[PDB]
>>> print(open('entry-v1.pdb').read())   # PDB, C-alpha atoms and all ligand atoms
ATOM      1  CA  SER X   1      86.666  84.968  70.199
ATOM      2  CA  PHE X   2      88.293  83.103  73.010
ATOM      3  CA  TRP X   3      90.745  85.946  73.737
ATOM      4  CA  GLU X   4      87.884  88.452  74.007
ATOM      5  CA  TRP X   5      86.006  86.198  76.382
ATOM      6  CA  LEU X   6      89.146  85.714  78.416
ATOM      7  CA  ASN X   7      89.756  89.469  78.789
ATOM      8  CA  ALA X   8      86.142  89.984  79.671
ATOM      9  CA  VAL X   9      86.128  87.361  82.407
ATOM     10  CA  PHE X  10      89.398  88.759  83.827
ATOM     11  CA  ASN X  11      87.568  92.080  84.180
ATOM     12  CA  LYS X  12      84.104  91.001  85.186
ATOM     13  CA  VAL X  13      83.038  91.829  88.739
ATOM     14  CA  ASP X  14      82.027  88.998  91.025
ATOM     15  CA  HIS X  15      79.724  90.698  93.419
ATOM     16  CA  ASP X  16      79.724  87.674  95.742
ATOM     17  CA  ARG X  17      83.383  88.190  96.091
ATOM     18  CA  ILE X  18      82.892  91.874  96.997
ATOM     19  CA  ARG X  19      80.409  90.799  99.646
ATOM     20  CA  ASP X  20      82.765  88.177 101.069
ATOM     21  CA  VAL X  21      86.073  90.033 101.238
ATOM     22  CA  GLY X  22      85.164  93.673 100.722
ATOM     23  CA  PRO X  23      85.702  96.099  97.855
ATOM     24  CA  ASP X  24      89.449  96.729  98.441
ATOM     25  CA  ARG X  25      90.366  93.049  98.428
ATOM     26  CA  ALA X  26      88.132  92.262  95.476
ATOM     27  CA  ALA X  27      89.614  95.184  93.545
ATOM     28  CA  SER X  28      93.139  94.148  94.497
ATOM     29  CA  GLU X  29      92.432  90.692  93.036
ATOM     30  CA  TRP X  30      91.046  92.221  89.820
ATOM     31  CA  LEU X  31      93.982  94.544  89.409
ATOM     32  CA  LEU X  32      96.671  91.949  90.084
ATOM     33  CA  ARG X  33      95.047  89.258  87.934
ATOM     34  CA  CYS X  34      94.992  91.863  85.152
ATOM     35  CA  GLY X  35      98.658  92.732  85.452
ATOM     36  CA  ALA X  36      98.361  95.820  87.601
ATOM     37  CA  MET X  37      99.755  96.595  91.089
ATOM     38  CA  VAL X  38      98.294  98.230  94.184
ATOM     39  CA  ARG X  39      99.707  99.776  97.334
ATOM     40  CA  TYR X  40      97.758  99.998 100.556
ATOM     41  CA  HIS X  41      97.510 102.933 102.911
ATOM     42  CA  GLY X  42     100.182 102.638 105.536
ATOM     43  CA  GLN X  43     102.456 100.385 103.497
ATOM     44  CA  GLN X  44     105.599 101.259 101.644
ATOM     45  CA  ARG X  45     105.751  98.138  99.511
ATOM     46  CA  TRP X  46     103.534  97.323  96.543
ATOM     47  CA  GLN X  47     101.367  94.322  95.950
ATOM     48  CA  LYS X  48     102.528  92.806  92.689
ATOM     49  CA  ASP X  49     101.922  89.023  92.966
ATOM     50  CA  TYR X  50      98.396  87.853  93.210
ATOM     51  CA  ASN X  51      99.318  84.916  95.368
ATOM     52  CA  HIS X  52     100.942  87.146  98.006
ATOM     53  CA  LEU X  53      98.031  89.389  98.705
ATOM     54  CA  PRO X  54      97.495  89.494 102.465
ATOM     55  CA  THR X  55      95.144  87.117 104.215
ATOM     56  CA  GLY X  56      95.229  89.285 107.360
ATOM     57  CA  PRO X  57      91.984  90.665 108.845
ATOM     58  CA  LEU X  58      88.835  91.202 106.830
ATOM     59  CA  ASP X  59      88.725  94.417 104.932
ATOM     60  CA  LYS X  60      91.664  95.941 106.827
ATOM     61  CA  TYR X  61      93.873  97.000 103.856
ATOM     62  CA  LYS X  62      92.721  99.954 101.805
ATOM     63  CA  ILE X  63      94.048 100.813  98.383
ATOM     64  CA  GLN X  64      95.892 104.113  98.251
ATOM     65  CA  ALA X  65      97.655 103.818  94.879
ATOM     66  CA  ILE X  66      97.197 101.847  91.693
ATOM     67  CA  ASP X  67      99.865 101.273  89.063
ATOM     68  CA  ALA X  68      98.396  99.548  86.009
ATOM     69  CA  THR X  69     101.328  99.174  83.579
ATOM     70  CA  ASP X  70     101.007  96.695  80.737
ATOM     71  CA  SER X  71      97.602  95.663  82.093
ATOM     72  CA  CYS X  72      94.474  94.262  80.492
ATOM     73  CA  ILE X  73      92.026  96.265  82.620
ATOM     74  CA  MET X  74      89.085  97.715  80.706
ATOM     75  CA  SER X  75      85.524  98.925  80.823
ATOM     76  CA  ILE X  76      83.504  96.823  83.200
ATOM     77  CA  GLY X  77      86.481  95.972  85.201
ATOM     78  CA  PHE X  78      86.404  99.491  86.590
ATOM     79  CA  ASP X  79      83.145  98.652  88.368
ATOM     80  CA  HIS X  80      85.432  97.109  90.994
ATOM     81  CA  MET X  81      86.361 100.713  91.889
ATOM     82  CA  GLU X  82      82.811 101.561  93.011
ATOM     83  CA  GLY X  83      83.249 100.660  96.708
ATOM     84  CA  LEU X  84      86.760 102.047  97.218
ATOM     85  CA  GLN X  85      86.937 105.022  99.557
ATOM     86  CA  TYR X  86      90.591 105.952  99.794
ATOM     87  CA  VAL X  87      92.157 105.793  96.313
ATOM     88  CA  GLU X  88      94.468 108.781  95.889
ATOM     89  CA  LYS X  89      96.797 107.853  93.027
ATOM     90  CA  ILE X  90      96.192 106.045  89.712
ATOM     91  CA  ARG X  91      98.714 105.376  86.972
ATOM     92  CA  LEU X  92      97.549 103.930  83.684
ATOM     93  CA  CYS X  93     100.565 103.092  81.516
ATOM     94  CA  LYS X  94     100.549 100.967  78.361
ATOM     95  CA  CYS X  95      96.959  99.904  79.089
ATOM     96  CA  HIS X  96      96.150  99.040  75.511
ATOM     97  CA  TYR X  97      92.470  98.238  76.059
ATOM     98  CA  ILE X  98      91.539 101.468  77.963
ATOM     99  CA  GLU X  99      89.390 103.937  76.070
ATOM    100  CA  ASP X 100      87.568 107.184  76.738
ATOM    101  CA  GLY X 101      84.603 105.266  78.124
ATOM    102  CA  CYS X 102      86.863 103.796  80.817
ATOM    103  CA  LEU X 103      87.919 107.277  81.901
ATOM    104  CA  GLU X 104      84.306 108.448  81.780
ATOM    105  CA  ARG X 105      83.249 105.526  83.994
ATOM    106  CA  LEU X 106      85.945 106.395  86.516
ATOM    107  CA  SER X 107      85.137 110.098  86.479
ATOM    108  CA  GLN X 108      81.506 109.413  87.469
ATOM    109  CA  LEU X 109      82.369 107.476  90.605
ATOM    110  CA  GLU X 110      81.690 109.941  93.443
ATOM    111  CA  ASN X 111      83.923 107.931  95.758
ATOM    112  CA  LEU X 112      86.866 108.604  93.406
ATOM    113  CA  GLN X 113      85.889 112.235  92.901
ATOM    114  CA  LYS X 114      86.197 112.674  96.715
ATOM    115  CA  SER X 115      89.552 110.931  97.128
ATOM    116  CA  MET X 116      91.587 111.297  93.973
ATOM    117  CA  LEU X 117      94.702 113.461  94.120
ATOM    118  CA  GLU X 118      97.022 112.275  91.355
ATOM    119  CA  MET X 119      96.542 110.633  87.974
ATOM    120  CA  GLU X 120      98.972 109.603  85.270
ATOM    121  CA  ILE X 121      97.992 108.381  81.798
ATOM    122  CA  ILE X 122     100.900 107.249  79.629
ATOM    123  CA  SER X 123     101.001 105.427  76.309
ATOM    124  CA  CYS X 124      97.332 104.406  76.286
ATOM    125  CA  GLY X 125      96.822 104.753  72.561
ATOM    126  CA  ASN X 126      93.045 104.945  72.390
ATOM    127  CA  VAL X 127      92.608 107.867  74.792
ATOM    128  CA  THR X 128      91.391 111.069  73.252
ATOM    129  CA  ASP X 129      90.593 114.600  74.382
ATOM    130  CA  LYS X 130      87.146 113.397  75.365
ATOM    131  CA  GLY X 131      88.431 110.958  77.931
ATOM    132  CA  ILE X 132      90.866 113.478  79.364
ATOM    133  CA  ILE X 133      88.230 116.195  79.750
ATOM    134  CA  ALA X 134      86.068 113.817  81.735
ATOM    135  CA  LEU X 135      88.698 113.909  84.486
ATOM    136  CA  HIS X 136      87.567 117.388  85.497
ATOM    137  CA  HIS X 137      85.089 115.661  87.810
ATOM    138  CA  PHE X 138      88.072 114.734  89.992
ATOM    139  CA  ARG X 139      87.618 118.037  91.768
ATOM    140  CA  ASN X 140      90.427 117.412  94.277
ATOM    141  CA  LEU X 141      93.051 116.465  91.709
ATOM    142  CA  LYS X 142      96.430 118.103  92.304
ATOM    143  CA  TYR X 143      98.603 116.339  89.694
ATOM    144  CA  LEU X 144      97.802 115.076  86.206
ATOM    145  CA  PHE X 145     100.526 113.705  83.970
ATOM    146  CA  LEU X 146      99.676 112.891  80.338
ATOM    147  CA  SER X 147     102.287 111.309  78.066
ATOM    148  CA  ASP X 148     102.350 109.733  74.623
ATOM    149  CA  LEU X 149      98.589 109.908  73.951
ATOM    150  CA  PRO X 150      98.422 110.329  70.170
ATOM    151  CA  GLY X 151      94.659 110.531  70.284
ATOM    152  CA  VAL X 152      94.846 113.659  72.322
ATOM    153  CA  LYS X 153      94.847 116.218  69.495
ATOM    154  CA  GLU X 154      94.053 119.487  71.147
ATOM    155  CA  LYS X 155      96.401 119.793  74.148
ATOM    156  CA  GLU X 156      96.169 123.556  74.363
ATOM    157  CA  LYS X 157      92.470 123.344  74.808
ATOM    158  CA  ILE X 158      92.980 120.735  77.558
ATOM    159  CA  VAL X 159      95.326 123.161  79.307
ATOM    160  CA  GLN X 160      92.819 126.031  79.146
ATOM    161  CA  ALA X 161      89.942 123.728  80.241
ATOM    162  CA  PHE X 162      91.733 122.571  83.315
ATOM    163  CA  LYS X 163      92.884 126.050  84.028
ATOM    164  CA  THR X 164      89.296 126.993  84.570
ATOM    165  CA  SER X 165      87.892 123.729  86.057
ATOM    166  CA  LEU X 166      90.872 122.841  88.210
ATOM    167  CA  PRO X 167      92.996 125.989  88.747
ATOM    168  CA  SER X 168      95.161 124.430  91.299
ATOM    169  CA  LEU X 169      96.066 121.427  89.113
ATOM    170  CA  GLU X 170      99.719 120.742  88.263
ATOM    171  CA  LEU X 171      99.287 119.554  84.675
ATOM    172  CA  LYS X 172     102.330 117.948  83.123
ATOM    173  CA  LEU X 173     102.022 117.304  79.429
ATOM    174  CA  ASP X 174     104.428 115.219  77.349
ATOM    175  CA  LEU X 175     102.172 115.197  74.320
ATOM    176  CA  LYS X 176     103.010 115.680  70.604
TER     177      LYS X 176
HETATM  178 MG    MG X 201     101.984  95.430  85.211
END
>>> encode(input="entry-v1.pdb", output="structure tokens")
Amino acid sequence: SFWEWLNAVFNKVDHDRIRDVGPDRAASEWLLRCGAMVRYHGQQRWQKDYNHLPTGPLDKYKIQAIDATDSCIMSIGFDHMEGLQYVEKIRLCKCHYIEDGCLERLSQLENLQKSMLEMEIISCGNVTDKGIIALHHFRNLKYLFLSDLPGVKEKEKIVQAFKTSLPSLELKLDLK
């Protein structure tokens, strides 16, 4: 369908673009075109309008936090995360196209395993226990907030899993 093609091309990585402007800028463009927001290290304010992303020096701004609320990010789109070195915080909220495979993809990026401190996954209806468990590879995670994930059916097992694999994790669960 047209709409499927459109979502795919919103997500698809342009590796020329990564070469030209660097991973953080290329990922910022992906996220904002897909309805997400980013915040750079050293800045208080968020980037929320694509057209206002900075044009100041090449590869200077580094993503610290991502807030993808009501966003069409999915699957291959997350390949834009591969070159990012400093991402500490990700919120995925009402990301209706995200699935376990998206979380798996993220969890396998060693760059994210090194940097990630906080993750929030809220009202992403496809996510299941499988996708959540994959997040144990984020070995430095300090905060994980899960909310309104009806596909997550065994929350007590999730708690016990993380209690072993990430004993210092603050795990906040608002799950039925
Ligand atoms: Mg949004």
>>> closest_residue(input="entry-v1.pdb", among="X:148, X:166, X:143, X:155", to="residue 130 in chain X", atoms="only C-alpha atoms")
X:155
>>> resolve_selection(input="entry-v1.pdb", expression="the PyMOL selection byres (((not hetatm)) within 12 of (chain X and resi 201))", output="list in words")
residues 31, 32, 33, 34, 35, 36, 37, 38, 46, 47, 48, 49, 50, 66, 67, 68, 69, 70, 71, 72, 73, 91, 92, 93, 94, 95 and 96 of chain X
>>> axis_aligned_box(input="entry-v1.pdb", around="range 135-138 of chain X", padding_each_side="6 Å", output="lines of an AutoDock Vina configuration file")
center_x = 86.9
center_y = 115.6
center_z = 87.2
size_x = 15.6
size_y = 15.5
size_z = 17.5
>>> resolve_selection(input="entry-v1.pdb", expression="the PyMOL selection byres (((chain X and resi 110) around 12) and not hetatm)", output="PyMOL selection string")
chain X and resi 81-87+105-109+111-116+137-140
>>> resolve_selection(input="entry-v1.pdb", expression="the PyMOL selection byres (((chain X and resi 121) around 12) and not hetatm)", output="PDB file with C-alpha atoms, in the frame of the given file")
ATOM      1  CA  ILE X  66      97.197 101.847  91.693  1.00  0.00           C
ATOM      2  CA  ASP X  67      99.865 101.273  89.063  1.00  0.00           C
ATOM      3  CA  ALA X  68      98.396  99.548  86.009  1.00  0.00           C
ATOM      4  CA  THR X  69     101.328  99.174  83.579  1.00  0.00           C
ATOM      5  CA  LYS X  89      96.797 107.853  93.027  1.00  0.00           C
ATOM      6  CA  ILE X  90      96.192 106.045  89.712  1.00  0.00           C
ATOM      7  CA  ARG X  91      98.714 105.376  86.972  1.00  0.00           C
ATOM      8  CA  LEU X  92      97.549 103.930  83.684  1.00  0.00           C
ATOM      9  CA  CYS X  93     100.565 103.092  81.516  1.00  0.00           C
ATOM     10  CA  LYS X  94     100.549 100.967  78.361  1.00  0.00           C
ATOM     11  CA  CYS X  95      96.959  99.904  79.089  1.00  0.00           C
ATOM     12  CA  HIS X  96      96.150  99.040  75.511  1.00  0.00           C
ATOM     13  CA  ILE X  98      91.539 101.468  77.963  1.00  0.00           C
ATOM     14  CA  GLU X  99      89.390 103.937  76.070  1.00  0.00           C
ATOM     15  CA  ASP X 100      87.568 107.184  76.738  1.00  0.00           C
ATOM     16  CA  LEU X 103      87.919 107.277  81.901  1.00  0.00           C
ATOM     17  CA  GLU X 118      97.022 112.275  91.355  1.00  0.00           C
ATOM     18  CA  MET X 119      96.542 110.633  87.974  1.00  0.00           C
ATOM     19  CA  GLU X 120      98.972 109.603  85.270  1.00  0.00           C
ATOM     20  CA  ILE X 122     100.900 107.249  79.629  1.00  0.00           C
ATOM     21  CA  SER X 123     101.001 105.427  76.309  1.00  0.00           C
ATOM     22  CA  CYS X 124      97.332 104.406  76.286  1.00  0.00           C
ATOM     23  CA  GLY X 125      96.822 104.753  72.561  1.00  0.00           C
ATOM     24  CA  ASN X 126      93.045 104.945  72.390  1.00  0.00           C
ATOM     25  CA  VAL X 127      92.608 107.867  74.792  1.00  0.00           C
ATOM     26  CA  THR X 128      91.391 111.069  73.252  1.00  0.00           C
ATOM     27  CA  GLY X 131      88.431 110.958  77.931  1.00  0.00           C
ATOM     28  CA  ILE X 132      90.866 113.478  79.364  1.00  0.00           C
ATOM     29  CA  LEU X 135      88.698 113.909  84.486  1.00  0.00           C
ATOM     30  CA  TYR X 143      98.603 116.339  89.694  1.00  0.00           C
ATOM     31  CA  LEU X 144      97.802 115.076  86.206  1.00  0.00           C
ATOM     32  CA  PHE X 145     100.526 113.705  83.970  1.00  0.00           C
ATOM     33  CA  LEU X 146      99.676 112.891  80.338  1.00  0.00           C
ATOM     34  CA  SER X 147     102.287 111.309  78.066  1.00  0.00           C
ATOM     35  CA  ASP X 148     102.350 109.733  74.623  1.00  0.00           C
ATOM     36  CA  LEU X 149      98.589 109.908  73.951  1.00  0.00           C
ATOM     37  CA  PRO X 150      98.422 110.329  70.170  1.00  0.00           C
ATOM     38  CA  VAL X 152      94.846 113.659  72.322  1.00  0.00           C
ATOM     39  CA  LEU X 171      99.287 119.554  84.675  1.00  0.00           C
ATOM     40  CA  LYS X 172     102.330 117.948  83.123  1.00  0.00           C
ATOM     41  CA  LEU X 173     102.022 117.304  79.429  1.00  0.00           C
ATOM     42  CA  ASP X 174     104.428 115.219  77.349  1.00  0.00           C
ATOM     43  CA  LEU X 175     102.172 115.197  74.320  1.00  0.00           C
TER      44      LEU X 175
END
>>> atom_distance(input="entry-v1.pdb", atom1="CA of residue 30 in chain X", atom2="CA of residue 12 in chain X")
8.4 Å
>>> atom_distance(input="entry-v1.pdb", atom1="CA of residue 41 in chain X", atom2="CA of residue 25 in chain X")
13.0 Å
>>> closest_residue(input="entry-v1.pdb", among="X:44, X:154, X:88, X:136", to="residue 167 in chain X", atoms="all atoms listed in the file")
X:136
>>> residues_near_point(input="entry-v1.pdb", point="(82.3, 93.5, 89.3)", cutoff="9 Å", atoms="all atoms listed in the file", output="number ranges by chain")
X: 11-15, 17-18, 26-27, 30, 76-82
>>> write_last_selection(input="entry-v1.pdb", atoms="C-alpha atoms", output="short mmCIF file (atom, residue, chain, number, x, y, z; two decimals), in the coordinates of the input")
data_model
loop_
_atom_site.label_atom_id
_atom_site.label_comp_id
_atom_site.auth_asym_id
_atom_site.auth_seq_id
_atom_site.Cartn_x
_atom_site.Cartn_y
_atom_site.Cartn_z
CA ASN X 11 87.57 92.08 84.18
CA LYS X 12 84.10 91.00 85.19
CA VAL X 13 83.04 91.83 88.74
CA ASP X 14 82.03 89.00 91.02
CA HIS X 15 79.72 90.70 93.42
CA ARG X 17 83.38 88.19 96.09
CA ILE X 18 82.89 91.87 97.00
CA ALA X 26 88.13 92.26 95.48
CA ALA X 27 89.61 95.18 93.54
CA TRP X 30 91.05 92.22 89.82
CA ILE X 76 83.50 96.82 83.20
CA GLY X 77 86.48 95.97 85.20
CA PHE X 78 86.40 99.49 86.59
CA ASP X 79 83.14 98.65 88.37
CA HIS X 80 85.43 97.11 90.99
CA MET X 81 86.36 100.71 91.89
CA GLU X 82 82.81 101.56 93.01
#
>>> atom_distance(input="entry-v1.pdb", atom1="CA of residue 117 in chain X", atom2="CA of residue 24 in chain X")
18.1 Å
>>> residues_around(input="entry-v1.pdb", residues="residue 133 in chain X", least_positions_apart="5", cutoff="9 Å", atoms="only C-alpha atoms", output="list in words")
residues 104, 128, 158, 161 and 162 of chain X
>>> decode(input="entry-v1.pdb", residues="range 95-123 of chain X", atoms="N, CA, C and O atoms", output="CSV table (one decimal), in the first residue's frame")
chain,number,residue,atom,x,y,z
X,95,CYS,N,3.8,4.7,20.4
X,95,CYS,CA,4.5,4.4,19.2
X,95,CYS,C,3.9,3.1,18.7
X,95,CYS,O,4.2,2.0,19.1
X,96,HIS,N,2.8,3.3,17.9
X,96,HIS,CA,1.9,2.2,17.5
X,96,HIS,C,2.5,1.2,16.6
X,96,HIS,O,2.0,0.1,16.5
X,97,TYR,N,3.6,1.5,16.0
X,97,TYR,CA,4.2,0.6,15.0
X,97,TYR,C,5.4,-0.2,15.6
X,97,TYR,O,5.9,-1.1,15.0
X,98,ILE,N,5.9,0.2,16.8
X,98,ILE,CA,7.0,-0.5,17.5
X,98,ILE,C,6.5,-1.9,17.9
X,98,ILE,O,5.4,-2.2,18.3
X,99,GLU,N,7.4,-2.9,17.8
X,99,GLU,CA,7.2,-4.2,18.2
X,99,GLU,C,8.4,-4.8,18.9
X,99,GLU,O,9.5,-4.1,19.0
X,100,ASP,N,8.4,-6.0,19.4
X,100,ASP,CA,9.5,-6.6,20.1
X,100,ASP,C,10.8,-6.6,19.3
X,100,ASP,O,11.8,-6.4,19.8
X,101,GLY,N,10.7,-6.8,18.0
X,101,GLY,CA,11.8,-6.8,17.1
X,101,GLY,C,12.5,-5.4,17.1
X,101,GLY,O,13.8,-5.4,17.0
X,102,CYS,N,11.8,-4.3,17.3
X,102,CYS,CA,12.4,-3.0,17.5
X,102,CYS,C,13.3,-2.9,18.7
X,102,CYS,O,14.4,-2.4,18.7
X,103,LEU,N,12.7,-3.4,19.8
X,103,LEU,CA,13.4,-3.4,21.1
X,103,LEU,C,14.6,-4.3,21.0
X,103,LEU,O,15.7,-4.0,21.6
X,104,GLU,N,14.5,-5.5,20.4
X,104,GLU,CA,15.6,-6.4,20.2
X,104,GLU,C,16.7,-5.7,19.4
X,104,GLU,O,17.9,-5.8,19.8
X,105,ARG,N,16.4,-5.1,18.3
X,105,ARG,CA,17.3,-4.3,17.5
X,105,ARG,C,18.1,-3.3,18.3
X,105,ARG,O,19.3,-3.3,18.3
X,106,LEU,N,17.4,-2.5,19.1
X,106,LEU,CA,18.0,-1.5,20.0
X,106,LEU,C,18.9,-2.2,21.0
X,106,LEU,O,20.0,-1.7,21.2
X,107,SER,N,18.5,-3.3,21.6
X,107,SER,CA,19.2,-3.9,22.7
X,107,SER,C,20.6,-4.4,22.2
X,107,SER,O,21.5,-4.6,23.0
X,108,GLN,N,20.7,-4.8,20.9
X,108,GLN,CA,21.9,-5.3,20.3
X,108,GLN,C,22.9,-4.3,19.9
X,108,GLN,O,24.0,-4.6,19.4
X,109,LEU,N,22.6,-3.0,20.0
X,109,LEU,CA,23.5,-2.0,19.6
X,109,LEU,C,24.5,-1.7,20.8
X,109,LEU,O,24.1,-1.2,21.8
X,110,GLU,N,25.8,-2.1,20.6
X,110,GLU,CA,26.7,-2.0,21.7
X,110,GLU,C,26.9,-0.6,22.2
X,110,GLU,O,27.1,-0.3,23.4
X,111,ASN,N,26.8,0.4,21.2
X,111,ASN,CA,26.8,1.8,21.5
X,111,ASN,C,25.8,2.2,22.5
X,111,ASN,O,26.0,3.0,23.4
X,112,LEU,N,24.6,1.7,22.3
X,112,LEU,CA,23.5,2.0,23.3
X,112,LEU,C,23.6,1.3,24.6
X,112,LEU,O,23.3,1.8,25.6
X,113,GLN,N,24.1,0.0,24.5
X,113,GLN,CA,24.4,-0.7,25.8
X,113,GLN,C,25.3,0.1,26.7
X,113,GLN,O,25.2,0.1,27.9
X,114,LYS,N,26.3,0.7,26.1
X,114,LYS,CA,27.3,1.5,26.9
X,114,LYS,C,26.8,2.7,27.5
X,114,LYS,O,27.2,3.1,28.5
X,115,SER,N,25.9,3.4,26.8
X,115,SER,CA,25.4,4.7,27.2
X,115,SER,C,24.1,4.8,27.9
X,115,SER,O,23.8,5.7,28.7
X,116,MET,N,23.2,3.8,27.7
X,116,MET,CA,21.8,4.0,28.1
X,116,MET,C,21.7,3.9,29.6
X,116,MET,O,22.1,3.0,30.3
X,117,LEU,N,20.9,4.9,30.2
X,117,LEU,CA,20.6,5.0,31.6
X,117,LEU,C,19.2,4.9,31.9
X,117,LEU,O,18.8,4.4,33.0
X,118,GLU,N,18.3,5.4,31.1
X,118,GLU,CA,16.9,5.5,31.4
X,118,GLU,C,16.1,5.1,30.2
X,118,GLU,O,16.3,5.7,29.1
X,119,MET,N,15.0,4.3,30.4
X,119,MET,CA,14.1,4.0,29.3
X,119,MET,C,12.7,4.0,29.8
X,119,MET,O,12.4,3.5,30.9
X,120,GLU,N,11.8,4.4,29.0
X,120,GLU,CA,10.4,4.5,29.3
X,120,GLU,C,9.6,3.9,28.1
X,120,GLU,O,9.8,4.4,27.0
X,121,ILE,N,8.7,3.0,28.3
X,121,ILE,CA,7.9,2.4,27.3
X,121,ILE,C,6.4,2.4,27.7
X,121,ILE,O,6.1,1.8,28.7
X,122,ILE,N,5.6,3.2,27.0
X,122,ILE,CA,4.3,3.6,27.5
X,122,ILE,C,3.3,3.4,26.4
X,122,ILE,O,3.5,4.0,25.3
X,123,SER,N,2.3,2.6,26.6
X,123,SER,CA,1.2,2.6,25.6
X,123,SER,C,1.6,2.3,24.2
X,123,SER,O,1.2,2.9,23.2
